[PDB]
Amino acid sequence: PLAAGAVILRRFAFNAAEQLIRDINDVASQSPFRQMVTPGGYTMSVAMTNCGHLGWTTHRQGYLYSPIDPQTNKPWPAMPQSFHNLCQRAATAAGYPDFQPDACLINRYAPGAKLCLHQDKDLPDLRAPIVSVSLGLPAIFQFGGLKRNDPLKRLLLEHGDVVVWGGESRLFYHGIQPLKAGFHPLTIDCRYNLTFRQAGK
DNA sequence: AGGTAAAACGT
DNA sequence: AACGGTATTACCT
Ligand SMILES: O=C(O)CCC(=O)C(=O)O
Ligand SMILES: [Mn+2]
């Protein structure tokens, strides 16, 4: 195990990946990738979009799961069936058979892009896991503990890898180190990540 | 009283 | 470049 309640399913999504990427492109044709601006005024290096009922976003006052894309003023695209099916299968393999996600944050990393150590914090009256799917170029994933200075595990995540955490590890600090440039036959020059959560009801 | 920003420069 | 300061506060509910 990666941690209590956490596991990495290596290449779990490899067979599903071509279809997942087609569906990323479809989602992004409606809610485009955008680099969000933090409350403090800095533009994130990762470009993001969302699908499902709820999408993660920043704005002046903090972070928010929102049912509407603040850029388009339309609902986020519905969660693709390919995404939902893959998520369900991975969650079940990881020991979370009852997971019902309603939120998928899609990350796009260009060379140099990073995601500094953070926690995916608890949502009110909800304790569902996180399912996190890697596509395209490889990245170094940091996975720590409850405190920022708890020692980090560093794990290369390659195309098709799925990481799941929850329960005792649900609030662990994690992140991505600056992406190395490279080639991948399906994504060409980037890495995508899918982050599934239950954020509503 | 407690949660959230920093999911973002210096050594 | 891996580690850690910063929020050691300010501003909300
Ligand atoms: O890209 C990854 O593997 C992790 C992404 C992540 O932590 C997030 O979007 O919250
Ligand atoms: Mn995260």
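Each chain gets a letter, A, B and so on, in the order the sequences are listed, and its residues count up from 1. In what follows, every heavy atom counts, from backbone to side chain, and hydrogens, waters and symmetry copies are set aside.
When the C1' atom is compared between C:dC11 and B:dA6, the two are found 16 Å apart, to the nearest whole Å. C:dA10 and C:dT6 have their P atoms separated by 14 Å, with the value rounded to a whole Å. Taking the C1' atoms as reference points, B:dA7 lies 23 Å from B:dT11, given to the whole Å. Using atom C1' as the reference point in both B:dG2 and C:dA7, the two lie 14 Å apart (nearest Å).
Using a 4.5 Å heavy-atom threshold, the side chains of A:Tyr109 and A:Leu137 count as separate. Between A:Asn193 and A:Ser132, the closest side-chain pair of non-hydrogen atoms falls below 4.5 Å.
One finds no side-chain N or O of A:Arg148 lying less than 4.0 angstrom from the OP1 or OP2 phosphate oxygen of B:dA5. Contact annotation: A:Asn149 side-chain N/O to C:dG5 OP1/OP2 distance is under 4.0 Å. Considering only side-chain N and O atoms, A:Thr38 lies under 4.0 angstrom from the phosphate OP1 or OP2 of B:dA6.
Looking at heavy-atom distances under 4.0 Å, A:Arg60 makes no contact with the nucleic acid at all. Heavy atoms of A:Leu152 sit nowhere under 4.0 angstrom from any nucleic acid atom.
Rounded to a whole Å, the NZ atom of A:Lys147 is 23 Å from the P atom of B:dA6. Atom CG in A:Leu117 sits roughly 16 Å away from atom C1' in B:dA5 (whole-Å rounding). Separating the OH atom of A:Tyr42 from the P atom of C:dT6 is a distance of 16 Å, rounded to the nearest angstrom. Atom NZ in A:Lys121 sits about 12 Å away from atom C1' in B:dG2, given to the nearest Å. Note: OH (A:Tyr65) to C1' (B:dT4) measures 14 Å, nearest angstrom. Put simply, CD on A:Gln142 is 9 Å from P on C:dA2, counting in whole angstrom units. Between the CG atom of A:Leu64 and the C1' atom of B:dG3 there is a distance of 15 Å, given to the nearest Å. Atom CD in A:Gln119 sits roughly 9 Å away from atom P in B:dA7 (whole-Å rounding).
Across all strands shown, B:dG2 is found opposite C:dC12 as a Watson-Crick or G-U wobble partner, with both distances under 3.5 Å. Across all strands shown, C:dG4 pairs with B:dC9; the Watson-Crick or G-U wobble distances both stay below 3.5 Å.
A negative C1'-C2'-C3'-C4' angle places the sugar of C:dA7 in the south (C2'-endo) family.
Taking the 5.5 Å centre cut-off and the 30° plane limit, the aromatic side chain of A:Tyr173 is not classed as stacked on B:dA7.
A donor-acceptor pair under 3.5 Å is absent between the side-chain atoms of A:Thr49 and the main chain of A:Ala28, judged by distance alone.
Partner of A:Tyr65 under the side-chain contact (heavy atoms from CB on, under 4.5 Å) criterion, chosen from A:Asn50, A:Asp102, A:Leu123: A:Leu123.
Heavy atoms from other residues, nucleotides or ligands lying under 6.0 Å from CZ of A:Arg10 number 12 at most.
The side chain of A:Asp120 has B:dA7 as its nearest neighbour among B:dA7, B:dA8, B:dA5.
Each of A:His118 and A:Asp122 was matched to the nucleotide of DNA chain B holding its nearest heavy atom; the match closer to the 5' end belongs to A:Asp122.
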Step by step, would you call A:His159 with A:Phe14 a side chain to side chain contact (heavy atoms under 4.5 Å, CB included)? CA-CA 7 Å; A:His159 181 251; A:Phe14 187 92; 3.7 Å; yes
